[PDB]
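Reading through the structure tokens given below for one structure.
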Amino acid sequence: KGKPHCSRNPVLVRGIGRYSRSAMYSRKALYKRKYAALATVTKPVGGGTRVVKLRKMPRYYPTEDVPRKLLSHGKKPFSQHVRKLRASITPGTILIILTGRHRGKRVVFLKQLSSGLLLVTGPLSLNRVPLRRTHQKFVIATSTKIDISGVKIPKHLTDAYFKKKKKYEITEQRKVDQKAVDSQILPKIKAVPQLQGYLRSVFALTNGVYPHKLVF
Amino acid sequence: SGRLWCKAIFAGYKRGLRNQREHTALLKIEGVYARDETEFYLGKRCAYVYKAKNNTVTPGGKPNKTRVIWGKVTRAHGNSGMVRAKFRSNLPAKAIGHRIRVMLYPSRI
Amino acid sequence: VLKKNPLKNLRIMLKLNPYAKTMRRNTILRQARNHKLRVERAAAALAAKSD
Amino acid sequence: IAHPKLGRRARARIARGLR
Amino acid sequence: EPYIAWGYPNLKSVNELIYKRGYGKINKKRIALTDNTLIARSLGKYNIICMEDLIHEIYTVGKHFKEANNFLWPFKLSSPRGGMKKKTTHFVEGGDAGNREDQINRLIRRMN
RNA sequence: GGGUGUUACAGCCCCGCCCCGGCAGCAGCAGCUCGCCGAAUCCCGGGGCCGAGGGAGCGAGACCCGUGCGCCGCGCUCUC
RNA sequence: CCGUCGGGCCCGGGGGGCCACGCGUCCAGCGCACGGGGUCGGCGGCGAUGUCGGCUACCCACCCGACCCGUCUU
RNA sequence: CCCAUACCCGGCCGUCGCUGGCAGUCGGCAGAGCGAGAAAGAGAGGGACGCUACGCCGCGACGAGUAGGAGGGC
């Protein structure tokens, strides 16, 4: 019995510990600790009693089967993956959607979701975009920001809250969460001159405009 | 309600002087005229958009007459502005000198 | 067996050269030590250019 | 210690080191 | 001399060649060195039981170099990334053939 | 512009004594005045192409029949 | 006698790192993973009379290549 | 900076080599191993596939060709 103490040595580099395996021995107090070394179920029946067996043999065999495959190690299912992020895309940046039906719109980033998709939400009263997921790949991170460090984003919204169901109707659940978050961002974007006018615009490329030549 | 791609001319295939390898396309994007300017465009998804006679189903739309060939920018070519692209189908030769789009969405910004 | 590069792939190297662990456990504490000592001398020079 | 045929008696001292 | 480009290798130059391109001639079969029990199985009669031993025998030419060096398959280096100067003439007269004494380490970094 | 000559109201170069005068610093983010390198070398990011192979076993073992994340290899926690 | 970030498990004597850990006598299980070759226990669209797919096999177009075979003959 | 059928890496076909491996499918007459750097002993007082052995399987290396020779043609 004992509370599990967190790992002593911090990760210096991925794969390499900060302390050697000798200093580790002198660190866990290992010097003073030398440890010296179903299926049958009986059920009565109205006679006698019969002994049922769990998981009886299959009743069908295919004419041939595929062999079991070898075992790899590094492969993890998607839910266990590590979710990266561009360092420029901090909470408060203004993004630009590039692929969806809301392309060209200067949408406002709030937070990261557990699936790596960005919870981006331009003010619906400005950009006509709701609380929306968006893959961070298809997004240009502009160098403009707003301090949304005091905004209270709900907790019940998650990668299951924006998951498609299966004629799309706006639930009242959406509308209450919409105006709740817009009631906190809309004061914080009108604190900057022309900022609400900026988001109402749509991004486009004119003649002589080269994306590599310009910078965001 | 605006353009969301950069203009790019399909110059030719990756050729030698007496052999051409049609699984690679040389792209000339407007404005970029040096290798150091191509760093922005590496990996960007490109598209040769044409239109034909019969109708084709459209992702998120009605059957139009336009069709595309999707590709991507692989690596910078030459010493000034050109770049190599690789498409899912080797580009038809009747697209030489025609406008193909390079988008922005696989962006590293 | 798919040959992996011991220079790129760390634990392939440690399967062959187990001393490379402490070789690389050092030369990082040392580099984070000389980078520390460099910064202090660069900081102490700005105190000599004022007085 | 790293010899099979004539290091058996040697590395029995380590086996008690875990004990 | 017109066909080779030789020189004197560096300590790092040996490490990269044995690790990245090291293949042992085990039973007349080119086999990669992904495990030390492939060396110690064949070179164990010369106290070489690891790769650092095998490098120590090659780099510091010892009295078991011959069995050690014949154990390694000839290195299949790649084409020189960066381009040669001139394949034909001697290194002294601008070319690349001949004894480029210490500069052979630069050639390895690109070909390896 | 020319003449003169020795710092003059500019500078340049050489010798010795000045602790190799002293002080930074150092093959220099004055990101380029000129080298060769890494057991005296490590970190990090991006782009491109590929994923061939498919019964590797673990443990109760004779006091028991389970489980298929398993060899090598690195070190994590607990039995303080 | 001087020199050496010398060599001798840096000979012996008066803050940082060590694949160093039993007494005595003589001269073991759980998990993480740069680990014996890819997986997802991740998703999205369009689909009944005009659309979907058909490398190839029919026609046409284009870029690149490409002189007519058999034979005797250096 | 450009590219050869050259070199490196990866896939697939075939040939060649290892005169390679497999009769061990040894199951309540059972007890699941012989990848192990080191001349020799796990010695006795209910359970997928397979192995047309002229079959199946694993490693390496290699591949131009007239005259000509041989082999295989479900």
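Within region A:55-63, can one find any residue that is more than 16 Å from RNA strand H (Cβ to nearest atom) and either within 14 Å of another protein chain (Cβ to nearest Cβ) or over 18 Å from A:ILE189 (Cβ atoms) (or both)? Lay out the reasoning, then the answer.
Within region A:55-63, the first condition is being more than 16 Å from RNA strand H (Cβ to nearest atom), and the residues that meet it are none.
No, because not a single residue in region A:55-63 is more than 16 Å from RNA strand H (Cβ to nearest atom) and either within 14 Å of another protein chain (Cβ to nearest Cβ) or over 18 Å from A:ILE189 (Cβ atoms) (or both).
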Can you tell me which residue among A:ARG174, A:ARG128, A:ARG106 is farther than 21 Å from B:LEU104 by Cα and within 14 Å of chain B (Cβ to nearest Cβ)? A:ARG128
Quick one: which strands (runs of 3 or more DSSP E) lie wholly within region A:77-120 and hold at least 1 residues that are over 12 Å from A:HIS135 (Cα atoms)? A:93-97, A:106-112
Among the residues of region A:187-216, count how many are out of contact with any helix residue (DSSP H, G or I) (no Cβ under 7 Å at 6 or more places or on another chain), more than 14 Å from every other protein chain (Cβ to nearest Cβ) and exposed (fewer than 15 other Cβ atoms within 10 Å of the Cβ). 6
Can you tell me which of (1) loosely packed, with under 11 Cβ neighbours inside 10 Å; (2) of a type in the set (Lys, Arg); (3) part of a loop (DSSP other than H, G, I, E, B) is the one E:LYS45 doesn't meet? (3)
(1) more than 12 Å from RNA strand F (Cβ to nearest atom); (2) surrounded by 10 or more Cβ atoms within 10 Å (Cβ to Cβ); (3) of a type in the set (S, T, N, Q): which one isn't true of A:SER26, the others all being true? (1)
Could you list, ordered by first residue, the pairs with Cβ atoms under 6 Å in which the first is in region A:10-21 and among the charged types (D, E, K, R) and the second is assigned to a loop (DSSP other than H, G, I, E, B), at least 6 apart or interchain? A:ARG18/A:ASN9; A:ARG18/A:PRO10
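Does A:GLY92 fit the bill of being surrounded by 13 or more Cβ atoms within 10 Å (Cβ to Cβ), within 16 Å of RNA strand G (Cβ to nearest atom) and not polar (S, T, N, Q)?
Values: surrounded by 13 or more Cβ atoms within 10 Å (Cβ to Cβ): yes; within 16 Å of RNA strand G (Cβ to nearest atom): no; not polar (S, T, N, Q): yes.
In short, no.
If we scan region A:151-163, do we find a residue that is within 16 Å of A:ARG106 (Cα to Cα) and among the aromatic types (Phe, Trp, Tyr)?
No, because not a single residue in region A:151-163 is within 16 Å of A:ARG106 (Cα to Cα) and among the aromatic types (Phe, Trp, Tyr).
Would you mind stating whether B:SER107 is within 12 Å of chain A (Cβ to nearest Cβ), among the polar types (S, T, N, Q) and under 26 Å from A:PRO211 (Cα atoms)?
Details: within 12 Å of chain A (Cβ to nearest Cβ): yes; among the polar types (S, T, N, Q): yes; under 26 Å from A:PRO211 (Cα atoms): yes.
When the stated conditions are applied, B:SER107 passes them.
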Test each condition in (1) within 11 Å of RNA strand H (Cβ to nearest atom); (2) more than 14 Å from every other protein chain (Cβ to nearest Cβ) for B:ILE9 and report the one that comes out false. (1)
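Using the structure shown, decide if B:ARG75 is in contact with a helix residue (DSSP H, G or I) (Cβ under 9 Å, 6 or more places away or on another chain), basic (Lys, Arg) and within 16 Å of RNA strand H (Cβ to nearest atom). Show your work before the answer.
Details: in contact with a helix residue (DSSP H, G or I) (Cβ under 9 Å, 6 or more places away or on another chain): yes; basic (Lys, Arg): yes; within 16 Å of RNA strand H (Cβ to nearest atom): yes.
Answer is yes for this residue.
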Counting only residues that are of a type in the set (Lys, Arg) and near RNA strand F (Cβ under 7 Å from one of its atoms), which one in region A:4-23 is farthest from the other protein chains (Cβ to nearest Cβ)? A:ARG8
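FYI the Cβ positions are ideal-geometry reconstructions off the backbone, even for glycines, and counts take in every protein chain you see. Coordinate-derived values only; no laboratory data.
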